[PDB]
């Protein structure tokens, strides 16, 4: 991870979480479970969607492209024509793979950055009312019930 979060200080993922890419677990007296953070997950979905669309936009559509014939005394232009076809073919294959290769890295870092930020956000919300256990978990001091957990999620919580 570029931001140390995913596969970093938060070792693994939750097959349990199933409403988004980023979320909370929570283990209150009333019970446990998982909850996805819409705010986060959506902004990510929008960004990634906009990214894929932007990539596709940059690539043009292939229209009618057929060969040409050349007689036995036109080997030079036959080759020139061939050099041009292979030429652009190699350029675009290069552009397509290189673009995808590089954006995949950026996308993964993007997610890593998002997890990281969600943590820091939650962290500065709880401040003293809990301690950093590790693996991205906060152990409360003032027993946080179900509606208390929810307050942390929607960023309302608020309690010095």
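Positions refer to the first chain, counted from 1.
- When 103 to 111 is weighed against 118 to 126, 118 to 126 comes out higher, by mean CA B-factor as recorded in the entry.
- Per-stretch averaging of Cα B factors for 69 to 77 and 82 to 90 places 82 to 90 on top.
- In this PDB entry, the Cα temperature factor of residue 1 sits in the bottom third of its chain's modelled residues, the lowest group.
- Remark: residue 97 belongs to the lowest third of its chain, ranked by C-alpha B-factor as recorded.
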